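Heads up: the structure comes next, in structure tokens.
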Amino acid sequence: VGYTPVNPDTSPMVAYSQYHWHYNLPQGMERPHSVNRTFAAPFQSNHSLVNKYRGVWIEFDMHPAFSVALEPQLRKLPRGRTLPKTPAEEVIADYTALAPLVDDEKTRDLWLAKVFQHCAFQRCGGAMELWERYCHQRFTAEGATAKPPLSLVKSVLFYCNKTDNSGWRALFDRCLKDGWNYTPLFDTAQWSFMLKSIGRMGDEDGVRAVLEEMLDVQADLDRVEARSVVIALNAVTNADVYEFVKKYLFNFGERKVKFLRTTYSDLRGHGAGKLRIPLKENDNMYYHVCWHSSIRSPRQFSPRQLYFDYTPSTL
Amino acid sequence: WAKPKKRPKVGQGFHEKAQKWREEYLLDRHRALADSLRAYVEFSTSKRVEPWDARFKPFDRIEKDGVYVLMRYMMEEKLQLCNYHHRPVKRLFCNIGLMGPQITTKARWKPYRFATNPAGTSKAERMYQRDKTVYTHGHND
Amino acid sequence: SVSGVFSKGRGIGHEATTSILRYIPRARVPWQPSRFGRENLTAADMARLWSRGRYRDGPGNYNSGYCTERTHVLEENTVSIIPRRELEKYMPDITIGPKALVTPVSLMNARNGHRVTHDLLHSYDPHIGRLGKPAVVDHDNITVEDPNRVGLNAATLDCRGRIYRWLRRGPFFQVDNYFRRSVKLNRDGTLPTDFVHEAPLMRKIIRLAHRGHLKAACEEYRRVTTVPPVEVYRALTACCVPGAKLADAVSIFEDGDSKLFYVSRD
Amino acid sequence: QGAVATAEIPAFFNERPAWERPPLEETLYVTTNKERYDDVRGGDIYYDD
Amino acid sequence: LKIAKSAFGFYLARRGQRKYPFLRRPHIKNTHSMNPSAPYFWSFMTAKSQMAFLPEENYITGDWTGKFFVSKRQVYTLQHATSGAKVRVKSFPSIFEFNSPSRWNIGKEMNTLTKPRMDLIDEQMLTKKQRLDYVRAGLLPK
RNA sequence: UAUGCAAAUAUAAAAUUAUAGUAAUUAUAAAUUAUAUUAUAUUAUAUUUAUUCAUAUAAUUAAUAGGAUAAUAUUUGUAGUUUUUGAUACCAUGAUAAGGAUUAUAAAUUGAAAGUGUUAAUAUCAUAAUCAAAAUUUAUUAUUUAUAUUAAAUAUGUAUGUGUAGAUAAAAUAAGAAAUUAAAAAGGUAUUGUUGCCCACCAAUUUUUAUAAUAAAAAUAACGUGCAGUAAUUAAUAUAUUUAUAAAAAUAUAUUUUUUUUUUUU
Ligand SMILES: O=c1ccn([C@@H]2O[C@H](COP(=O)(O)OP(=O)(O)OP(=O)(O)O)[C@@H](O)[C@H]2O)c(=O)[nH]1
Ligand SMILES: [Mg+2]
Ligand SMILES: [Mg+2]
Ligand SMILES: [Mg+2]
Ligand SMILES: [Mg+2]
Ligand SMILES: [Mg+2]
Ligand SMILES: [Mg+2]
Ligand SMILES: [Mg+2]
Ligand SMILES: [Mg+2]
Ligand SMILES: [Mg+2]
Ligand SMILES: [Mg+2]
């Protein structure tokens with residue numbers, strides 16, 4: 001009785017009533033409850049994971065001989081979680097000079113991959129020359145048999161995305177099932193960077209090819225970084241690719257799709273500053289990603305909105 | 001529990017009256033203060049009646065013997081320096097030590113307001129004849 | 001016929017998003033479809049609302065010293081303000097400035113989680129002091145006016161759910177938020193470890209540990225606000241070796257690892 | 001009789017003995033527990049359809 | 001309450017003449033704050049130690065536009081007299097000004113210089129009934 | 001206070017009123033209505049102590065949001081103004097207090113339901129709420145009374161007057177008190193019932209007639225006098241005679257549709 005309701009735990013007139021347990025009965029537990037055991041939820045935090053590497057790990061496997069031999073050259077290149085500020089010109093000079101002296105293929109290529117990664121972080125454009133000078137001959141040209149070491153490919157790809165470069169499309173294509181079959185070994189961050197670059201450059205077709213492979217190779221869709229999905233989708237103006245992207249959008253999860261919308265509305269919105277290159281206007285893809293989000297969320301009832309104009313009829 | 005009636009408005013020109021009244025109440029208080037300081041110090045400085053009650057012992061004894069001998073020859077100077085104010089007098093008697101434990105226990109002293117009378121006081125009425133215009137808390141003559 | 005509290009208001013979110021977003025129907029709260037919240041107040045109105053609601057101290061109150069009216073009326077009597085230049089003639093000015101309002105990080109636990117001595121409580125989380133945008137506290141610029149409106153105002157419009165949120169906060173909320181909104185791994189995979197303002201302190205720790213002063217070094221390690229570089233952990237454990245202190249070497253290592261991002265794993 | 005206390009306990013404690021109830025119920029009968037729409041003067045507000 | 005002199009007239013009950021624990025009465029009304037003592041002049045309703053610093057309220061703490069009245073626990077300082085600046089205090093009905101500066105004020109708090117309950121009474125803030133009751137007590141003439 | 005005149009309840013009758021056309025009825029008795037000196041034993045009020053009684057102020061109540069030792073979400077930094085109106089300073093139902101008057105001693109309580117601001121369906125004037133340092137008029141409150149008297153939150157300057165008017169307060173309980181009590185008979189024109197009903201004159205009007213200060217009678221809901229009646233503030237009722245603002249009142253007889261008080265030779 002009142003506008004303030006009784007709280008059923010603290011009130012003995014609830015607790016000890018006939019619909020609950022009186023204090024003179026024997027007070028044991030009624031039934032056991034196993035909730036967590038029967039059907040358990042997987043852990044997904046609202047906050048992203050604080051320790052994760054957040055980059056493209058380039059996997060440095062060197063024989064612990066050349067690793068010691070080449071130390072004064074390698075000390076200038078990135079080691080794990082450490083990014084020395086050495087100017088990229090110098091590093092490339094060192095590779096060009098000293099590398100023909102080393103005899104190992106595997107070593108020369110690990111070293112090269114480090115150089116590429118280093119040049120990806122500084123966004124120096126003259127590093128593809130290195131690909132055409134050493135690797136192109138035995139990997140990409142005229143159906144050469146040789147199969148490049150994975151780390152090298154990851155590194156070059158990462159470089160083509162960081163420095164936006166038409167070249168990526170040629171490399172990526174070699175990684176599908178009939179080629180090197182490297183695509184299932186890519187990191188989630190790899191996909192993230194790829195999508196973002198392709199999106200900036202604006203290839204709907206690059207975007208489609210990449211989303212198809214990602215899906216087939218079972219990438220982690222929900223953990224692909226939202227910004228990069230948005231920038232990729234934003235690039236899609238062509239009727240067919242557009243169709244593809246609706247049908248595809250059904251592959252994300254409820255949550256992912258909600259934040260695809262949030263992120264999208266921010267990047268053309270308040271957070272338009274957050275990007276190094278501003279987005280381009282897609283009103284169509286924006287509207288659609290919002291629409292999709294609305295379709296996939298639970299629906300709420302707002303009767304004064306729906307039935308605002310309802311009039312009954314006696315027909 | 002009835003709804004509280006509203007209070008009438010303040011007054012017209014009562015702000016001026018209140019200002020003036022407090023103003024010169026304070027100005028008056030300056031002289032009341034000055035005067036009562038004068039009185040307080042005049043009292044501290046001037047002599048008082050003897051603090052001890054002579055009706056009990058060791059004080060009843062003839063002025064030529066006992067405690068009075070002890071006072072005339074050893075304590076006199078000091079007793080006069082403090083002007084027979086009852087606090088230092090009682091302390092001096094404690095420090096003379098030749099009475100010793102008795103001061104508080106066997107000896108009786110006059111009550112506060114009587115002990116505060118000016119030396120020479122003859123009639124009891126004197127307690128009530130001191131000035132009431134002055135704020136000393138009975139520490140004025 | 002129409003009585004409003006406020007004449008005009010404004011939209012929380014801007015043209016690019018809104019103009020398209022409107023073609024998608026959004027469900028409003030069924031029992032009160034229209035929402036006019038404190039994000040929607042105009043600049044003027046927000047200023048006014050934000051002054052009020054702080055008992056005596058707050059700038060709204062005529063006698064706080066922050067009042068912009070030149071005159072105030074007590075029971076039909078009009079009182080003219082005493083300007084501060086004049087107030088100062090008999091009432092000396094001892095004013096430190098805004099740094100006086102912010103204690104160091106070191107004291108945050110003495111103070112139950114706060115660095116800020118201002119009149120409103122200041123949260124380090126994004127949401128409680130949120131206006132349209134996420135709340136962020138400047139420790140340099142703290143004023144009585146509080147332009148960004150990040151403080152927890154007790155009496156303003158829309159305050160109640162904020163107050164309730166603040167009273168539900170977890171045991172480390174202030175501390176955790178302060179720590180996670182600063183101090184986070186860079187987008188390159190680099191550690192947050194190198195900062196210009198803390199560098200000489202890390203240098204000093206290393207130096208102290210090399211001369212073998214373990215206690216002095218540990219005593220400086222205490223005052224570090226930011227993640228210390230690997231070199232610090234190296235120095236400190238190397239110092240633990242000759243005296244055999246193992247417990248200390250281990251607690252050092254374990255401190256730098258899986259708390260501080262595994263700087264210690266080396 | 002009247003109820004002194006009330007507890008929520010799984011239905012398998014007391015359920016009509018398997019030989020009294022019709023044969024496999026899950027498979028041969030579609031059952032839904034639902035609420036009467038009409039106003040029920042007395043009796044239960046839920047029924048088994 | 002019977003008469004509402006403020007907002008609180010509506011919210012509060014008197015409860016007759018009710019006893020509160022020692023030195024906690026809900027409302028601090030210091031009728032005694034100006035209560036003359038020559039010998040106790042420096043110890044009564046003032047700081048318990050003469051080595052205490054003056055309160056907060058003698059200082060300008062922050063960036064101010066200005067104030068209307070200074071607080072009543074502010075202590076009167078030689079500059080209050082000398083500087084010839086407005087010194088106001090909030091008393092009732094409105095405000096008390098120190099207009100006529102004296103050194104005799106110095107070193108005491110304005111609590112002590114402002115008589116809270118004046119011997120002066122407004123007949124116009126009184127109901128005819130209340131005026132009757134003030135004539136019974138032998139305050140107002142009639 | 002029975003020499004003139006003077007038939008008249010002791011019942012011969014057909015629903016009430018009305019001079020025998022007026023209104024639609026009237027009259028009536030036992031339900032119900034707290035105080036009228038009826039009796040030992042189951043055991044006591046006439047003691048003690050008290051009574052100078054004051055305290056309130058400086059306006060914005062509207063939503064969720066998780067972080068080390070987790071198999072990777074920048075979801076770091078979650079951004080869609082604007083259609084409603086009551087608890088307010090204001091009319092806006094509910095609910096708990098206080099207040100001794102006859103279930104007694106044994107293995108046992110001297111505190112009660114009849115309701116004292118804050119609480120749940122009547123809305124359609126207004127932001128009034130303490131975070132200090134503040135302005136006595138309000139029935140409803142046990143203060144320190146003469147050897148020694150202001151040190152920590154700031155803490156009360158006033159009234160010595162022969163224990164002295166009127167009027168008041170408290171107690172039979174781990175304390176200590178000791179001798180002057182009630183029951184049983186009663187009336188209602190009202191009908192949840194005396195704050196109940198009713199009675200005449202005094203205006204308008206309506207209607208019938210056998211027109212007497214001012215025709216009579218019947219309907220009737222104003223205004224103004226009162227207080228006639230219900231054992232009703234000197235009981236009523238009937239006849240008689242007188243009297244008169246109006247009910248009515250005085251006296252002479254009968255009488256209870258008024259309540260009762262009771263010597264079988266003292
Ligand atoms: O999800 C996020 C959040 C933030 N950022 C941050 O945005 C800043 C500029 O935003 P951009 O996303 O335009 O820069 P970028 O492509 O050059 O950055 P990379 O991701 O290639 O490093 C970047 O330098 C990065 O720090 C992201 O790149 N992604
Ligand atoms: Mg009530
Ligand atoms: Mg308020
Ligand atoms: Mg006629
Ligand atoms: Mg007639
Ligand atoms: Mg009568
Ligand atoms: Mg009569
Ligand atoms: Mg009668
Ligand atoms: Mg009669
Ligand atoms: Mg008459
Ligand atoms: Mg008659």
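By order of appearance in the structure tokens: chains A, B, ..., then residues from 1 within every chain, and ligands from 1 in the order shown.
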Can I get the residues close to ligand 5 as a list in words, where close means within 8 Å and we count only C-alpha atoms (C1' of nucleotides) and all ligand atoms?
residues 215, 216 and 217 of chain F
File of the preceding selection, C-alpha atoms (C1' of nucleotides), as a PDB file, in the first residue's frame:
ATOM      1  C1'   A F 215     -66.235  36.211   6.173  1.00  0.00           C
ATOM      2  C1'   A F 216     -65.813  30.484   6.643  1.00  0.00           C
ATOM      3  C1'   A F 217     -63.243  26.135   5.005  1.00  0.00           C
TER       4        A F 217
END
Write out as a PyMOL selection string each polymer residue (protein, DNA or RNA) that has an atom no more than 8 Å from ligand 2, with only C-alpha atoms (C1' of nucleotides) and all ligand atoms counted.
chain F and resi 95+115-116
Can I get the selection written as a PDB file, in the first residue's frame, with C-alpha atoms (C1' of nucleotides)?
ATOM      1  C1'   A F  95      -3.829   4.325   8.333  1.00  0.00           C
ATOM      2  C1'   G F 115      -7.121   8.105  16.477  1.00  0.00           C
ATOM      3  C1'   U F 116      -2.369  12.486  17.445  1.00  0.00           C
TER       4        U F 116
END
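Reported to one decimal place, the separation of atom CA of residue A:223 from atom 24 (O, counted along the ligand's line) of ligand 1 is 19.2 Å.
Atom to atom, atom CA of residue A:69 and atom CA of residue A:81 stand 21.8 Å apart.
Listed by chain and then residue number, the contacts of ligand 9 are residues 236, 237 and 238 of chain F (distance at most 9 Å, using only C-alpha atoms (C1' of nucleotides) and all ligand atoms).
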Output C-alpha atoms (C1' of nucleotides) for every residue in that selection, as a PDB file, in the first residue's frame.
ATOM      1  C1'   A F 236     -51.211  16.901  30.602  1.00  0.00           C
ATOM      2  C1'   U F 237     -56.544  15.788  28.875  1.00  0.00           C
ATOM      3  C1'   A F 238     -62.346  17.170  28.760  1.00  0.00           C
TER       4        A F 238
END
Taking only C-alpha atoms (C1' of nucleotides) and all ligand atoms into account, which residues are within 6 Å of ligand 6, as a ChimeraX atom specification?
/F:227-228,232
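Backbone DSSP over chain D gives helix (DSSP H, G or I) for residues 25, 26, 27 and 28 of chain D.
Using only C-alpha atoms (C1' of nucleotides), the contacts of residue D:9 at a cut-off of 12 Å, with sequence neighbours closer than 2 positions omitted, comprise residues 29, 30, 31, 32 and 33 of chain A; 6, 7, 11, 12, 13, 14 and 15 of chain D.
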Protein and nucleic residues near ligand 7, 9 Å, only C-alpha atoms (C1' of nucleotides) and all ligand atoms, as a PyMOL selection string
chain F and resi 228-229+234-236+248-249
Could you check which of F:170, F:79, F:20, F:106 is closest to residue A:271, using only C-alpha atoms (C1' of nucleotides)?
F:79
Distance limit 10 Å, atoms considered: only C-alpha atoms. Which chain B residues sit that close to chain E? Return them as a ChimeraX atom specification.
/B:1-12,14-27,29-41,134-137,139-140
Taking only C-alpha atoms (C1' of nucleotides) and all ligand atoms into account, which residues are within 10 Å of ligand 1, as a VMD selection string?
(chain A and resid 54 to 55 120 to 121 123 158 161 to 164 189 192 to 194 196 to 197 200 225 to 228 231 263 272 to 279) or (chain C and resid 186 to 188) or (chain F and resid 73 to 74 76 to 77)
As a PyMOL selection string, please: every protein or nucleic acid residue near ligand 10 (cut-off 12 Å, counting only C-alpha atoms (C1' of nucleotides) and all ligand atoms).
chain F and resi 200-201+226+228+243-250
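By chain and then residue number, the residues within 6 Å of stretch 37-49 of chain F are residues 177, 178 and 179 of chain F, counting only C-alpha atoms (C1' of nucleotides) and disregarding those fewer than 5 positions away in sequence.
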Considering only C-alpha atoms (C1' of nucleotides), extract the chain F residues located within 10 Å of chain B and return them as a PDB file with N, CA and C atoms (P, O5', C5', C4', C3', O3' and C1' of nucleotides), in the first residue's frame.
ATOM      1  P     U F 116      -7.269  12.524  15.863  1.00  0.00           P
ATOM      2  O5'   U F 116      -6.079  12.938  16.852  1.00  0.00           O
ATOM      3  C5'   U F 116      -5.462  14.223  16.805  1.00  0.00           C
ATOM      4  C4'   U F 116      -3.992  14.158  17.165  1.00  0.00           C
ATOM      5  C3'   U F 116      -3.008  14.221  16.008  1.00  0.00           C
ATOM      6  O3'   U F 116      -2.800  15.520  15.503  1.00  0.00           O
ATOM      7  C1'   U F 116      -2.369  12.486  17.445  1.00  0.00           C
ATOM      8  P     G F 117      -2.804  15.759  13.915  1.00  0.00           P
ATOM      9  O5'   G F 117      -1.781  14.676  13.323  1.00  0.00           O
ATOM     10  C5'   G F 117      -0.389  14.946  13.183  1.00  0.00           C
ATOM     11  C4'   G F 117      -0.063  15.498  11.818  1.00  0.00           C
ATOM     12  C3'   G F 117       0.615  14.568  10.826  1.00  0.00           C
ATOM     13  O3'   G F 117      -0.320  13.719  10.174  1.00  0.00           O
ATOM     14  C1'   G F 117       1.634  16.712  10.786  1.00  0.00           C
ATOM     15  P     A F 146      23.126  27.457  48.499  1.00  0.00           P
ATOM     16  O5'   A F 146      24.429  28.331  48.754  1.00  0.00           O
ATOM     17  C5'   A F 146      25.721  27.833  48.428  1.00  0.00           C
ATOM     18  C4'   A F 146      26.789  28.776  48.895  1.00  0.00           C
ATOM     19  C3'   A F 146      26.704  29.119  50.373  1.00  0.00           C
ATOM     20  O3'   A F 146      28.012  29.302  50.902  1.00  0.00           O
ATOM     21  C1'   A F 146      26.361  31.078  49.082  1.00  0.00           C
ATOM     22  P     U F 147      28.469  28.385  52.133  1.00  0.00           P
ATOM     23  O5'   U F 147      30.046  28.220  51.980  1.00  0.00           O
ATOM     24  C5'   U F 147      30.676  28.300  50.714  1.00  0.00           C
ATOM     25  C4'   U F 147      32.150  28.535  50.855  1.00  0.00           C
ATOM     26  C3'   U F 147      32.955  28.211  49.623  1.00  0.00           C
ATOM     27  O3'   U F 147      33.013  29.342  48.784  1.00  0.00           O
ATOM     28  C1'   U F 147      34.021  27.387  51.597  1.00  0.00           C
ATOM     29  P     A F 148      32.551  29.225  47.261  1.00  0.00           P
ATOM     30  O5'   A F 148      33.910  29.034  46.476  1.00  0.00           O
ATOM     31  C5'   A F 148      34.988  29.911  46.724  1.00  0.00           C
ATOM     32  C4'   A F 148      36.267  29.302  46.263  1.00  0.00           C
ATOM     33  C3'   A F 148      36.179  28.561  44.930  1.00  0.00           C
ATOM     34  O3'   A F 148      37.356  28.816  44.184  1.00  0.00           O
ATOM     35  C1'   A F 148      37.056  27.142  46.565  1.00  0.00           C
ATOM     36  P     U F 149      37.228  29.676  42.845  1.00  0.00           P
ATOM     37  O5'   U F 149      35.943  29.058  42.119  1.00  0.00           O
ATOM     38  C5'   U F 149      36.054  27.945  41.228  1.00  0.00           C
ATOM     39  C4'   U F 149      35.279  28.161  39.948  1.00  0.00           C
ATOM     40  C3'   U F 149      35.458  29.519  39.280  1.00  0.00           C
ATOM     41  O3'   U F 149      35.334  29.359  37.872  1.00  0.00           O
ATOM     42  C1'   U F 149      33.189  29.218  39.850  1.00  0.00           C
ATOM     43  P     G F 157      24.884  34.682  31.180  1.00  0.00           P
ATOM     44  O5'   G F 157      24.359  36.176  31.126  1.00  0.00           O
ATOM     45  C5'   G F 157      23.058  36.507  31.571  1.00  0.00           C
ATOM     46  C4'   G F 157      22.814  37.977  31.408  1.00  0.00           C
ATOM     47  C3'   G F 157      23.283  38.566  30.079  1.00  0.00           C
ATOM     48  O3'   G F 157      22.386  39.603  29.652  1.00  0.00           O
ATOM     49  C1'   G F 157      24.343  39.686  31.863  1.00  0.00           C
ATOM     50  P     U F 160      18.332  39.820  41.558  1.00  0.00           P
ATOM     51  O5'   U F 160      18.149  39.172  42.997  1.00  0.00           O
ATOM     52  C5'   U F 160      18.518  37.830  43.252  1.00  0.00           C
ATOM     53  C4'   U F 160      18.715  37.634  44.725  1.00  0.00           C
ATOM     54  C3'   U F 160      17.461  37.802  45.555  1.00  0.00           C
ATOM     55  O3'   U F 160      16.692  36.610  45.597  1.00  0.00           O
ATOM     56  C1'   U F 160      19.229  39.055  46.513  1.00  0.00           C
TER      57        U F 160
END
Compile a residue-level contact table for chain C against chain E at a cut-off of 12 Å, reporting for every qualifying residue the shortest atom pair and its distance in Å to one decimal, with only C-alpha atoms counted, rows ordered by chain and ascending number, as JSON lines.
{"residue": "C:57", "atom": "CA", "partner": "E:62", "partner_atom": "CA", "distance": 11.2}
{"residue": "C:59", "atom": "CA", "partner": "E:64", "partner_atom": "CA", "distance": 9.8}
{"residue": "C:61", "atom": "CA", "partner": "E:67", "partner_atom": "CA", "distance": 10.7}
{"residue": "C:62", "atom": "CA", "partner": "E:68", "partner_atom": "CA", "distance": 7.8}
{"residue": "C:63", "atom": "CA", "partner": "E:67", "partner_atom": "CA", "distance": 5.6}
{"residue": "C:64", "atom": "CA", "partner": "E:67", "partner_atom": "CA", "distance": 7.0}
{"residue": "C:65", "atom": "CA", "partner": "E:64", "partner_atom": "CA", "distance": 4.9}
{"residue": "C:66", "atom": "CA", "partner": "E:65", "partner_atom": "CA", "distance": 5.3}
{"residue": "C:67", "atom": "CA", "partner": "E:65", "partner_atom": "CA", "distance": 6.3}
{"residue": "C:68", "atom": "CA", "partner": "E:65", "partner_atom": "CA", "distance": 6.8}
{"residue": "C:69", "atom": "CA", "partner": "E:65", "partner_atom": "CA", "distance": 9.3}
{"residue": "C:70", "atom": "CA", "partner": "E:66", "partner_atom": "CA", "distance": 9.1}
{"residue": "C:71", "atom": "CA", "partner": "E:68", "partner_atom": "CA", "distance": 8.5}
{"residue": "C:72", "atom": "CA", "partner": "E:68", "partner_atom": "CA", "distance": 8.0}
{"residue": "C:73", "atom": "CA", "partner": "E:94", "partner_atom": "CA", "distance": 8.9}
{"residue": "C:74", "atom": "CA", "partner": "E:94", "partner_atom": "CA", "distance": 5.7}
{"residue": "C:75", "atom": "CA", "partner": "E:94", "partner_atom": "CA", "distance": 6.6}
{"residue": "C:76", "atom": "CA", "partner": "E:94", "partner_atom": "CA", "distance": 8.7}
{"residue": "C:77", "atom": "CA", "partner": "E:94", "partner_atom": "CA", "distance": 6.7}
{"residue": "C:78", "atom": "CA", "partner": "E:94", "partner_atom": "CA", "distance": 9.0}
{"residue": "C:79", "atom": "CA", "partner": "E:68", "partner_atom": "CA", "distance": 7.0}
{"residue": "C:80", "atom": "CA", "partner": "E:68", "partner_atom": "CA", "distance": 6.8}
{"residue": "C:81", "atom": "CA", "partner": "E:68", "partner_atom": "CA", "distance": 4.7}
{"residue": "C:82", "atom": "CA", "partner": "E:66", "partner_atom": "CA", "distance": 5.3}
{"residue": "C:83", "atom": "CA", "partner": "E:66", "partner_atom": "CA", "distance": 4.2}
{"residue": "C:84", "atom": "CA", "partner": "E:66", "partner_atom": "CA", "distance": 4.3}
{"residue": "C:85", "atom": "CA", "partner": "E:66", "partner_atom": "CA", "distance": 8.0}
{"residue": "C:86", "atom": "CA", "partner": "E:85", "partner_atom": "CA", "distance": 6.4}
{"residue": "C:87", "atom": "CA", "partner": "E:66", "partner_atom": "CA", "distance": 7.0}
{"residue": "C:88", "atom": "CA", "partner": "E:60", "partner_atom": "CA", "distance": 7.1}
{"residue": "C:89", "atom": "CA", "partner": "E:83", "partner_atom": "CA", "distance": 6.1}
{"residue": "C:90", "atom": "CA", "partner": "E:79", "partner_atom": "CA", "distance": 4.9}
{"residue": "C:91", "atom": "CA", "partner": "E:59", "partner_atom": "CA", "distance": 5.2}
{"residue": "C:92", "atom": "CA", "partner": "E:59", "partner_atom": "CA", "distance": 5.2}
{"residue": "C:93", "atom": "CA", "partner": "E:60", "partner_atom": "CA", "distance": 4.6}
{"residue": "C:94", "atom": "CA", "partner": "E:61", "partner_atom": "CA", "distance": 6.0}
{"residue": "C:95", "atom": "CA", "partner": "E:61", "partner_atom": "CA", "distance": 5.6}
{"residue": "C:96", "atom": "CA", "partner": "E:62", "partner_atom": "CA", "distance": 8.2}
{"residue": "C:97", "atom": "CA", "partner": "E:62", "partner_atom": "CA", "distance": 7.5}
{"residue": "C:98", "atom": "CA", "partner": "E:62", "partner_atom": "CA", "distance": 9.2}
{"residue": "C:100", "atom": "CA", "partner": "E:62", "partner_atom": "CA", "distance": 10.4}
{"residue": "C:101", "atom": "CA", "partner": "E:62", "partner_atom": "CA", "distance": 10.7}
{"residue": "C:118", "atom": "CA", "partner": "E:62", "partner_atom": "CA", "distance": 12.0}
{"residue": "C:143", "atom": "CA", "partner": "E:63", "partner_atom": "CA", "distance": 9.5}
{"residue": "C:144", "atom": "CA", "partner": "E:62", "partner_atom": "CA", "distance": 8.7}
{"residue": "C:145", "atom": "CA", "partner": "E:63", "partner_atom": "CA", "distance": 10.6}
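Selecting all polymer residues at most 7 Å from ligand 3, using only C-alpha atoms (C1' of nucleotides) and all ligand atoms, gives residues 53 and 155 of chain C; 59 and 129 of chain F.
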